[PDB]
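In the deposited numbering, the protein residues as written are 373 to 646, 710 to 947, 977 to 1054, 1059 to 1263.
Since the structure comes first, as structure tokens, the remarks are kept for the end.
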Ligand SMILES: [Cl-]
Ligand SMILES: [Cl-]
Ligand SMILES: [Cl-]
Ligand SMILES: [Cl-]
Ligand SMILES: [Mg+2]
């Protein structure tokens, strides 16, 4: 009721007083009492994850005798293992009340009667809000690890902002029947402005509580210049610190495991056991040399627990601890005695942009906020130093102020489909902590209707639910749904994995003197080995290389990448994704274990590659470009002599301008299409459009598509209108009743002749089966020339 008396052992209680959050109990509880929403900032090691549910439990949260907080305390974690290990920790810590702690890591499981403090995943809470949005079961909700900005955590916070508001309104109407809901958002960092200062999320700003003790100052040292070889500059800087500066451990921030492993051994080999620069004014203390040993250790998420745990050990006497890490060391447990940070200023992050034609997983500059978080790592135990391996001008102009959340680095239609499967109806006005653009949101809902994932009322369909089962862009999930025809499924999973991961082919990002011409000969010979399936499709060049990979032995892999100018990491990743999709497909046809041998396939037949282009079309129906001379010959200025990269194309649904040349897109010089001795295809399917270096928009081409296959896909994809029945020789309308007919129509793809400020075009005349439904003729199916001839013969 008022308070709950918990009995803990002296060992357990003394361990709790040591935690930085322990003394913050009264400030935290004063904020919760006066505010329905509270934001708590404290690093990992502060104890806020394990202590705040206990502070609530002790104040009467979850107590049946409580007139205010009878409901449970719910705590989300972004990972299943974190929720279980956290529940285990708090159960021990709560002593004689330890039986009141539980976890939920499945939707299936029903909680135990004594569970009053429940640790779960975001997914479990999201599912619970589908069954009961009000979450009447809870008195409180703690959203931990909110600085990660995971897409489902952001949706959950958005949903909860509305839930807390409604719980507040119902409580004001009837405090007996309706209880308050306490929302606590937790962050390892101070970067909470997208939660605290967002008025759509929180109209009245919630208090932000700082639980950490104050840090020590850190002197920031920029380099005069920004070195291209940053691992070389990082190695150089690390050695200079070790050889010249007083005691204190070193922390190096690199981008990945291979850079780490290479530097770790380069440093171990440099300091083994038995002009003018900033930040080198300090000298070595007595009993310290320039050639002392360096105890080097790697630090990355993939390392085994026993290897990760070594970063906390004191280095051997007479040596210096040097940690070589990725951004895991940005918000991890405090590595003791660090007074030197070597910052490369970069990280490998997945980027994706709308209207910009961006899709990358690569090394780029980090935000100013991440650079500062890296810097502050040197001032945890005492005043430290940070060595930035870039200039202050590059920092100021090339580093963005803030790090981009996941919701802005992932396809907008993936976010919309995920929300729609959760029965979140109004997307346009959803209170996102960081909202995607309204135009992009509107475009994502329309795309989903073209893919059949949402119906005419914008509700999730049966196909949309199946597509939501894959960790893929709905374009790719659509392709999978239509692929199980004439055994094309293994080919589509291969294409979809390759397109999803990125382009493994290295192009003339190298040489396009005598040695340069010699390498182009090997380049083109390699490129032509994967161009054998179709002469128009860059997508089957991907299928060929991915299919070749499966027949290459593990030892020979590296030379296979070298001979063929291939991104090895990308090829390994495609094999990983194909196995993950194969696991999902097989697991939905009822334990499943996919091996490298299950991925091996034979060459697709002529019928199969025709069908695959149509399956690609289903996922990319709004991404068709017509050869400009079929629409605007005078403006196109295409001769039989024009080069392939100079022949313009017009994307369907492109917005018209006074000058049609504004709508022109062109074949990329790296495309298979450049080897054509003929006029390129009338209709081309494209992955994406890129605003090129020569100021020309270039198509990232997939494959060609013929008129009738495009018509079939555009009919199901709702991008077709038809003309009135055609009149002509052997074209005559055959009426089965005044409500049923078979006739020839001209299909209109995309946009009508009348609506000429958006690009559309006519397809080849086609035989059609039509039924007069609600006073208007509707196309039931397309008919072949032979099919039509038999119907005209039957009548
Ligand atoms: Cl449990
Ligand atoms: Cl956006
Ligand atoms: Cl492609
Ligand atoms: Cl291309
Ligand atoms: Mg619509």
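Just so you know, even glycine gets a beta-carbon here, dropped at the ideal spot from N, CA and C.
Taking a cut-off of 8 Å for Cβ pairs, the region 717-734 and the region 609-625 touch, as three or more such pairs fall below it.
Residue 1151 and residue 1110 have their C-alpha atoms spaced approximately 18 Å apart. According to the DSSP assignment, residue 1083 belongs to the alpha helix (DSSP H) that extends over 1074-1087. Under the three-state reduction of DSSP output, residue 797 falls in the strand class.
The criterion of a C-beta distance shorter than 8 Å is satisfied by residue 624 and residue 760. The region 529-536 makes no contact with the region 475-487, as fewer than three CB pairs between them are under 8 Å. Our two residues, residue 1226 and residue 440, have alpha carbons roughly 59 Å apart in a direct line.
Beta-bridge partners assigned by DSSP to residue 1116: 1134. By alpha-carbon distance to residue 491, the top candidate from 910, 984, 516, 883 is 516.
By the Cβ neighbour-count rule, residue 1172 is buried, with 16 or more other Cβ atoms within 10 Å of its own. With the rule of 3 Cβ pairs closer than 8 Å, the region 494-504 does not count as touching the region 397-417. Taking C-alpha positions only, residue 988 is separated from residue 1094 by approximately 28 Å. Using a Cβ-Cβ distance cut-off of 8 Å, the region 775-793 and the region 817-834 are in contact, since at least three pairs of beta carbons, one from each stretch, lie closer than that value. Under DSSP, no beta-bridge partner is assigned to residue 790. Shortest Cα-Cα distance from residue 1131 to any of 1145, 1158, 1137 involves 1158. Between the beta-carbon of residue 1045 and that of residue 928 there is about 5 Å, and that keeps the pair under the 8 Å contact cut.
For residue 713, there is no enclosing beta strand (DSSP E), since its DSSP letter is neither H nor E. The alpha-carbon of residue 512 is positioned some 15 Å away from that of residue 472. Every residue whose beta carbon comes nearer than 6 Å to a heavy atom of ligand 5 appears here in chain order: 881, 884. Counting of Cβ neighbours within 10 angstroms places residue 810 among the buried residues, the total reaching 16 or more.
In this structure, the alpha-carbon of residue 1029 lies about 10 Å from that of residue 1023. Burial of residue 1139 is indicated by the presence of at least 16 other C-beta atoms within 10 angstroms of its C-beta. From the listed residues 1062, 1052, 937, the smallest Cα separation to residue 1031 is found for 937. Here the region 1179-1188 lies against the region 1215-1235, with 3 or more beta-carbon pairs under 8 Å apart.
One residue after another in chain order, those with a Cβ under 7 Å from a heavy atom of ligand 1 are 459, 474, 475, 484, 487.
Judged by pairs of C-beta atoms under 8 Å, the region 1164-1171 touches the region 1079-1099, as three or more such pairs exist.
Distance from residue 1086 to residue 913 at the Cβ level is roughly 6 Å; contact confirmed, criterion being Cβ atoms closer than 8 Å.
Residue burial is scored here from C-beta neighbours: residue 503 has fewer than 16 other C-beta atoms within 10 angstroms and is therefore classed as exposed. Judged by their CB atoms, residue 1207 and residue 1240 are nearer to each other than the 8 Å cut-off. Classified as exposed, residue 585 has fewer than 16 neighbouring CB atoms from the shown chains inside 10 Å of its CB. Taking 8 Å as the upper bound for CB-CB distance, residue 820 and residue 593 are in contact here, some 7 Å apart. Looking only at 1199, 612, 861, 894, the smallest Cα-Cα distance to residue 711 is reached by 612.
Taking 8 Å as the cut-off, the Cβ atoms of residue 1014 and residue 1068 count as close.
By the Cβ-count criterion, residue 1136 is buried, with 16 or more other Cβ atoms from all chains shown falling within 10 Å of its own Cβ. Leaving aside the five residues that flank residue 725 on each side, the residues in its chain whose CB is nearer than 6 Å to its CB run, in chain order, 615. Here the alpha carbons of residue 1127 and residue 1084 stand approximately 31 Å from one another.
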